[PDB]
Amino acid sequence: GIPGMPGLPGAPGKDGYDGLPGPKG
Amino acid sequence: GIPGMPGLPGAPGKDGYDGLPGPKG
Amino acid sequence: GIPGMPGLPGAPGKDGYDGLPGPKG
Amino acid sequence: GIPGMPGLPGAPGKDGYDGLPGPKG
Amino acid sequence: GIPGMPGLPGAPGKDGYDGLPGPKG
Amino acid sequence: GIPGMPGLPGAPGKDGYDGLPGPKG
Amino acid sequence: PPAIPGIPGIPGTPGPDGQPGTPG
Amino acid sequence: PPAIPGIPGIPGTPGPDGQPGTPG
Amino acid sequence: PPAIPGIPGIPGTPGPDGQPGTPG
Amino acid sequence: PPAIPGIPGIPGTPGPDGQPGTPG
Amino acid sequence: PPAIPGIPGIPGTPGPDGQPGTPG
Amino acid sequence: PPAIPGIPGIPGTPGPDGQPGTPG
Amino acid sequence: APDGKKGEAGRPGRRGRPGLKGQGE
Amino acid sequence: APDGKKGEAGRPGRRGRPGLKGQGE
Amino acid sequence: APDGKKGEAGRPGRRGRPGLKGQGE
Amino acid sequence: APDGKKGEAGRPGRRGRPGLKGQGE
Amino acid sequence: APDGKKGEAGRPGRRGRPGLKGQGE
Amino acid sequence: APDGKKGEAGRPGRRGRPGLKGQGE
């Protein structure tokens, strides 16, 4: 009997980016 | 006799984000 | 019968860089 | 004779954070 | 027949650093 | 005949930190 | 019978961008 | 008997956001 | 017959730079 | 006799925070 | 005959620094 | 005779801090 | 057959930071 | 049976930085 | 032959951030 | 028995940066 | 002999960002 | 004996950035 081999975890996602700041109100 | 195989460590967590700065007091 | 071994995922790409800010209009 | 398998290095620690700047003196 | 084992990719390079800003013109 | 297994590369070093800015001249 | 190994997971998707600023 | 291997750990959770600013 | 293993993927290309600023 | 493998190391602790600012 | 494995690649070199600023 | 494997390299040291600012 | 464990996929990136106010008129 | 060591799960991300004061009125 | 799974290539980096306005004349 | 090498644990994060002066009165 | 694939070396870091203008006289 | 290749140790971190001028008197 020879065992199976496990996998490793996936890398967590890069976050979103900053929304541009507001115009003249 | 054939040995077992060890696993590796989990990746440390991404930190929280900056709380927005205070309003008019 | 001895199984094949799977590969792992490629690292996601480093993002582009900030374009320099506009000249005199 | 079948050899043992070596492990890999641990990831270096994330640094501490900036202490907030001084109050009125 | 026992197969060979493949290697993994090298880590992409850390980018260069910001050149210091210009002197008096 | 059973082959040896290769190792992987070490992680590149975290850079030094910014020297504090000059005093009154 | 001799066993079969597992498969690795994939990286998560990169987040959507933040909402753009206010007026006034 | 021939042995069985271990399993890998998972990444830690991402921290909660900081507390929002003061007044005055 | 005894099986053959898979191969690993490569890192994605680094993005192109952003568009340069406006006038006025 | 057939050999036994090694174990992996763990990530280092995250540094303590910096000292808070001065007065005057 | 039984096969021989491959070797891993190395990290790329760190980029050169940017060009220093302008005058006027 | 059956072969023996290699060992992995270690992370490089973290750089020294930059030189502190000028006067005048 | 002691089969191998599945890995877990990476987690999605968080939202980007939201823009703040434009000019103070 | 010389069984394989368990790995250790990643550590939780620290708090986000806390916001500072809004406007200086 | 239970052959090994192919990995998946990394994803391309996103665009760089786009520059904002130059001077306020 | 040609046993497997132990790995080395990650190194602790450095100090955080220390705050600078508050207001210039 | 089904030999193992070679890996690919990491890619060089890009240029650092170039400095902008000094003082506005 | 087709022995296993040695890995290569990580590269040292670069210098920290050097401080700039203090106050403009």
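We just call them A, B, C, D, E, F, G, H, I, J, K, L, M, N, O, P, Q and R in the order they show up, numbering each chain from 1.
Operating definition for what follows: contacts are C-beta pairs under 8 Å (C-beta built on N, C-alpha and C of every residue); 3 or more make two chains touch, one makes a residue touch a chain.
Chemist: In terms of contact pairs by residue number, which of J-P, I-Q or L-P shares over half with K-Q?
Modeler: More than half of the contact pairs of K-Q reappear in J-P.
Chemist: Superimpose the Cα trace of chain M on the Cα trace of chain N, which carries the same sequence, then give the rotation angle to the nearest 5°.
Modeler: 60
Chemist: Determine the centre-to-centre distance between chain G and chain H, using the mean Cα coordinates as centres, and give it in whole Å.
Modeler: 15
Chemist: From the C-alpha centre of chain J to that of chain N, how far is it in Å?
Modeler: Centre-to-centre distance between chain J and chain N: 13 Å.
Chemist: Roughly how many whole angstrom separate the Cα centroids of chain E and chain G?
Modeler: Distance between chain centres, rounded to whole Å: 23 Å.
Chemist: Where in chain B do residues touch at least two different other chains?
Modeler: Chain B, residues with two or more chain partners: 1-25.
Chemist: Taking each residue of chain I in turn, which ones touch at least two of the other chains?
Modeler: As it turns out, chain I has residues touching two or more other chains at 1-24.
Chemist: Could you list the positions in chain M whose residues touch two or more of the other chains?
Modeler: In chain M, residues 1-22 touch at least two other chains, as defined above.
Chemist: In their complex, what parts of chain M are in touch with chain A?
Modeler: The touching residues are 1-23, 25.
Chemist: Quick check on the complex: what are the chain H residues that touch chain N?
Modeler: Touch residues, chain H against chain N: 1-23.
Chemist: Show which residues of chain J lie in contact with chain N when the two form their complex.
Modeler: Residue list for chain J touching chain N: 4, 7-8, 10-11, 14.
Chemist: Quick check: in the complex, which residue numbers of chain P touch chain L?
Modeler: Result: residues 2, 5, 7-8, 11, 14 of chain P touch chain L.
Chemist: Can you list the residues on chain A that touch chain B in the complex?
Modeler: By the definition above, chain A touches chain B via 2-3, 5-6, 8-9, 11-12, 15.
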